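J.:
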Amino acid sequence: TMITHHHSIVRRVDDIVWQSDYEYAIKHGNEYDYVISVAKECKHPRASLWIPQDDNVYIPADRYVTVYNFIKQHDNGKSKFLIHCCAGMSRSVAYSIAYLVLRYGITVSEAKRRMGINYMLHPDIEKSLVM
Amino acid sequence: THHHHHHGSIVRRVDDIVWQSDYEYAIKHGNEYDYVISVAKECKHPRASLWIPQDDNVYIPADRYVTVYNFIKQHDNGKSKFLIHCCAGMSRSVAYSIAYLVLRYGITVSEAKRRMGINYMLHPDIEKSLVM
Ligand code: NI
Ligand code: NI
């Protein structure tokens, strides 16, 4: 018999950085000076920075540092940054946590608390966040 | 904004003794048939009398078309109904049904399509396979 069903994530990271899913980034990307796509399969058409990142795998520190460096070096006190993946639960949350850790010298727990992340990412992503 | 997952259950008459369908029809009406023939790898009827592990969108070797034609001819005792099904009922089971009609009745692919009301081209490699 016929079935009728339906199947947007955005979180503030700090004063200057937001984290989202692809849907939010497409609909609201123009509200940001810089869009950072950290999913291989969800590359914003006007992404300033794209890391072709697979999900559910260990993320090397050099990727975390590339994104942190990108934000810090373009932080002119007037710029807003959006980090997004596809569903906005795994890859963009990890890069966002890593940015907070690298920039403010806080723990992974404290980063999550600030962003309101109350879950565990893929074991291998959580491992990657202990740099 | 919501979306719909419509029901299948599509069935075409092939000849006096043979019907062609999607998996949904085969599941819900299988018991109305003496012999269910499954010609999809991934849609094997739990009471299939014959199963060909056929992938879609590929050349079908003559050997397979002949296996199905022979199976129906051999079990055609004047008292038996046959159902040939794949998954969506538009490609693999249509190709095997067309090949059965060509082999048994010496008509053309185009005439077999006409009888069955097939107003479309199958995958190019399937169309190649039907020109035996
Ligand atoms: Ni759906
Ligand atoms: Ni509707």
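Chains A and B supply the protein sequences, listed in that same order. Take the first sequence: its letters are residues -10 to -4, 1 to 124, numbered as in PDB author numbering. Quick note: the second sequence uses PDB author numbering, first residue -7, plus one each step. The beta-carbon is built from N, C-alpha and C at its ideal position, and this holds for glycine as well.
Quick check: does the Cβ of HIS(-4) of chain B come within less than 7 Å of any heavy atom belonging to ligand 2?
T.: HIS(-4) of chain B Cβ: within cutoff of ligand 2.
J.: Which first and last residues belong to the beta strand (DSSP E) in which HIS77 of chain A is found?
T.: It spans 74 to 77 - the beta strand (DSSP E) in which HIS77 of chain A sits, taken as one unbroken run.
J.: Got a sec: is the Cβ-Cβ distance from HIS(-4) of chain B to anything in chain A below 8 Å?
T.: It does; some Cβ of chain A falls within 8 Å.
J.: Quick check on DSSP: helix, strand or coil for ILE44 of chain B?
T.: Coil, per DSSP.
J.: Taking the straight line between their C-alpha atoms, what separation do you get for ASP68 of chain A and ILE9 of chain A?
T.: Spanning the two alpha carbons is a distance of roughly 8 Å.
J.: Measuring only the C-alpha atoms, how far is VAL94 of chain A from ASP117 of chain B?
T.: Cα-Cα distance, rounded: 56 Å.
J.: Alpha carbon to alpha carbon, what distance is there between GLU119 of chain B and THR100 of chain B?
T.: Rounded to the nearest angstrom, the two C-alpha atoms are 12 Å apart.
J.: In the stretch 80 to 118 of chain B, which residue ranges form an unbroken alpha helix (DSSP H) of at least 4 residues, counting only runs that do not cross its ends?
T.: With a minimum length of 4 residues, the continuous alpha helix (DSSP H) runs that stay inside the stretch 80 to 118 of chain B are 84 to 97, 101 to 108.
J.: Assuming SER83 of chain B contacts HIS77 of chain B under a Cβ cut-off of 8 Å, what Cβ separation, rounded to an integer in Å, is found between them?
T.: With 8 Å as the limit, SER83 of chain B and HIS77 of chain B do not qualify as a contact, their Cβ atoms being about 11 Å apart.
J.: Would you verify that the beta carbon of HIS21 of chain B is, or is not, closer than 8 Å to some beta carbon of chain A?
T.: It does not: the Cβ of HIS21 of chain B has no partner Cβ on chain A nearer than 8 Å.
J.: Short check: CB of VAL31 of chain B to CB of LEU75 of chain B, under 8 Å?
T.: No; because the gap between Cβ atoms is not below 8 Å, this pair is not in contact.
J.: Where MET124 of chain A and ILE19 of chain A are concerned, what is the direct C-alpha to C-alpha distance, given to the nearest angstrom?
T.: The alpha-carbon atoms of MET124 of chain A and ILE19 of chain A are separated by roughly 31 Å.
J.: Buried or exposed: which applies to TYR112 of chain B, given that a residue is buried once 16 or more other Cβ atoms fall within 10 Å of its Cβ?
T.: Exposed is the call here.
J.: Is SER121 of chain B helix, strand or coil by DSSP?
T.: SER121 of chain B: helix per DSSP, three-state reduction.
J.: Going by the CB atoms, is the gap between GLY22 of chain A and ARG39 of chain A shorter than 8 Å?
T.: It is a contact, given that the beta carbons lie within the stated cut-off.
J.: Any C-beta of chain B sitting closer than 8 Å to the C-beta of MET(-9) of chain A?
T.: Taking Cβ atoms only, chain B reaches closer than 8 Å to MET(-9) of chain A, which makes this a yes.
J.: With a 10 Å radius around its C-beta and 16 neighbouring C-beta atoms as the bar for buried, classify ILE(-8) of chain A as buried or exposed.
T.: Counting Cβ neighbours within 10 Å, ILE(-8) of chain A comes out exposed, since fewer than 16 surround it.
J.: Does any CB atom of chain A fall closer than 8 Å to the CB of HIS77 of chain B?
T.: So no, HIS77 of chain B is outside the interface.
J.: Whose C-beta lies closer than 8 Å to the C-beta of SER72 of chain B among residues of the same chain, with five residues either side of it excluded?
T.: Once the five neighbours on either side are set aside, the close Cβ partners of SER72 of chain B are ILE9, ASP26, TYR27.
J.: Would you list the one or two residues that DSSP bridges to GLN12 of chain A?
T.: Answer by DSSP bridge pairing, in chain order: A:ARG4, A:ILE76.
J.: At the 8 Å Cβ level, is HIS67 of chain B part of the contact set with chain A, yes or no?
T.: No, its Cβ sits nowhere closer than 8 Å to a Cβ of chain A.
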